[PDB]
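The structure appears right after this line, and notes come after that.
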Amino acid sequence: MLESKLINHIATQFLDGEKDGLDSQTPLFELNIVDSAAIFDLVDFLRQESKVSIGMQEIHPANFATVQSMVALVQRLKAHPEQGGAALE
């Protein structure tokens, strides 16, 4: 249900608080519903819950194409200690 919590978050600012075309298993790319702008928000949600950091370099919608894409993107960096902080404080 955590996967629908990241949806309804931006579904407010994007869809007037309605869920249609935008959900976890729904193809965010094929329907083009979510912008790359809201990816930055979906990031904060995932990295916060999973207690990890991700770099802006890795923050792009290609990796957040669906729930199964974005979940697995976090799962790869989970095995890393520290990453993303390149030329950044």
* Structure fact -> Restricting attention to region 66-89, the residues that are exposed (fewer than 10 other Cβ atoms within 10 Å of the Cβ) and of a type in the set (A, V, I, L, M, F, W, C) number exactly 4
* Asked: Does residue 2 satisfy the criteria of being surrounded by fewer than 16 Cβ atoms within 10 Å (Cβ to Cβ), in contact with a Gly (Cβ under 6 Å, 6 or more places away or on another chain) and not hydroxyl-bearing (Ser, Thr, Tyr)?
  -> no
* Structure fact -> Within region 10-54, residues of a type outside the set (A, V, I, L, M), in contact (Cβ under 8 Å) with a residue 24 or more places away in the chain and either more than 15 Å from residue 70 (Cα to Cα) or touching a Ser or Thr at 6+ places or on another chain (Cβ under 8 Å) (or both) come out as 13, 14, 24, 25, 26, 27, 29, 47
* Structure fact -> residue 36 fails exactly one of (1) within 23 Å of residue 84 (Cβ to Cβ); (2) touching a helix residue (DSSP H, G or I) at 6+ places or on another chain (Cβ under 8 Å), namely (2)
* Top-ranked residue in region 39-89 [being of a type in the set (D, E, K, R) and in contact with a helix residue (DSSP H, G or I) (Cβ under 8 Å, 6 or more places away or on another chain); ranked as farthest from residue 4 (Cα to Cα)] -> 58
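Cβ sites come from the backbone with ideal geometry, for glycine too, and all protein chains shown count toward neighbours. Readers should treat all values here as calculations from the given coordinates under stated rules, not as data from a laboratory.
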